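The form deposited in one PDB entry is given below as one chain in structure tokens.
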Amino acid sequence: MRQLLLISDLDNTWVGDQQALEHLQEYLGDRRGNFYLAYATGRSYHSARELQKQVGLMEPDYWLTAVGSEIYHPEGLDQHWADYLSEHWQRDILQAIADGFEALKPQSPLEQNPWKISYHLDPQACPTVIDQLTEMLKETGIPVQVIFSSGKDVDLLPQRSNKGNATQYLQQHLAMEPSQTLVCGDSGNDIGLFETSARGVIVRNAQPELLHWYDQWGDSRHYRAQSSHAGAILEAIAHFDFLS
């Protein structure tokens, strides 16, 4: 029932340039009832809440955390989403396989959840290892997808997950059209966002893998902003003529 569904990553997207974050929130703060806001972050819910206190993030309507593996409504965790993601998912088998790659080191326990297995790729290792990992995991027949970003972060998620799928679920939940949706990102864990039919903005300070993705799959609905961080969001809103 609103004119815009705004979905944005936090680190290096909404966050990173405090001045830009502040004028973006001031602008949005004057028409809060005109849009639904959702933060689609790689961070856990707790970590995202902590970031909110650190930089003064405005309260979103929804939180799509841990790369969309968990969705929080104003009322709490979305149990339907969790069950949907649990179907056919085999965390232990996938973990056993990933744990076997010497170039991969587990990320801290607090970065893990039932539907998210994360690692850090050795800076000295060849990125090609990610391709080998992906193929090996896929061949298990378990519906899994590999998210590689910033040249170091590796996330194993159910195929039904990732920011894009979480976004489409939210769109359906809110009866919001892709044409009324704007997704904002900066890295590989945002590619799922641009795979959707929503309008999208890639921040100027975007990571190499996202820029590479844009050069190959970039369409008319995708916008390469001149501004970095939060400034790219205001720029995109004007570009797509949202909140007319």
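Between two forms, the rigid core is defined as the largest C-alpha subset superposing within 1.5 Å. Start at 1 and count along the sequence shown; that's the residue number.
Below, we turn to the form deposited in another entry, even though it does not appear here.
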Do you see a C-alpha shift of 2 Å or more at residue 142 between the shown form and the other one, with the core held fixed?
yes
Any CA movement of 2 Å or more for residue 170 between the shown form and the other one, core superposed?
no
Per-residue C-alpha change between the shown form and the other one, residue 157, threshold 2 Å, rigid core fit
yes
